[PDB]
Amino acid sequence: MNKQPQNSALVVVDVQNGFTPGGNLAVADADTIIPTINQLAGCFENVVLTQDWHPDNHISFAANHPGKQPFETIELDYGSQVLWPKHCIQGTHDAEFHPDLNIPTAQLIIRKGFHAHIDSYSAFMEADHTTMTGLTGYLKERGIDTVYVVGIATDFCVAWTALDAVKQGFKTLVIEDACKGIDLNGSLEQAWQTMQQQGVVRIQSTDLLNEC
């Protein structure tokens, strides 16, 4: 294939059982993006997978906060936190990659959200805005300056990963038809707006696949 250059990477965000139909935080139709992701990954020299990877006592779970229910919000030290159903607990079926995901060439699996008291939608920086995950250092050591983001959810882990990539100096693109969103209280269109404002490029898979 006519692959993307060595300075670009595909970051495949949270294509896990937990976020796909049948999972504990199932995003409708999120499994339908997987064939596109599998095909895209073949076109990149460098591919990183992310995995939401929570301990059972994670702060982002509604179940760990008395009197709160999923999809409500809570004020934590670091700001507003959406509370979720328990999802993607370390070592469980829910946290596994979706069985249709097929990227044997993937070079890194970075887990996130493993600190009990801090969420991390972004693969680059945790929800405290200060705890760096290691991904920036990894990518820059490998000479990567351009990041393409796909996966689930468009408006949370994808958007926050993309916005953090921009903050860290990467040319950042999101491949829209290889993402699926959840849209809580208008989050989906707001994520696209904030991403566009910050210079994230919104592209379609055919844009990349037609030069592969």
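Quick note: we count residues from 1 along the sequence shown, nothing fancier.
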Can you tell me which stretch has the higher mean Cα B-factor, 200-208 or 12-20?
200-208
If you take the mean CA temperature factor per stretch, which one wins between 106-114 and 119-127?
119-127
Out of 165, 158, 63, 27, whose C-alpha atom has the biggest B factor in the entry?
63
Grab the CA temperature factor for residue 68 from the record and place it in the lowest, middle or highest third of its chain.
highest
Hey, what third does residue 96 fall into on Cα B-factor, ranked over its chain?
lowest
Among the modelled residues of this chain, does the Cα B factor of residue 152 put it in the lowest, middle or highest third?
lowest
Sorting the chain's CA B-factors, does residue 139 end up in the lowest, middle or highest third?
lowest
Relative to the other modelled residues of the same chain, rank the CA B-factor of residue 185 and answer lowest, middle or highest third.
highest
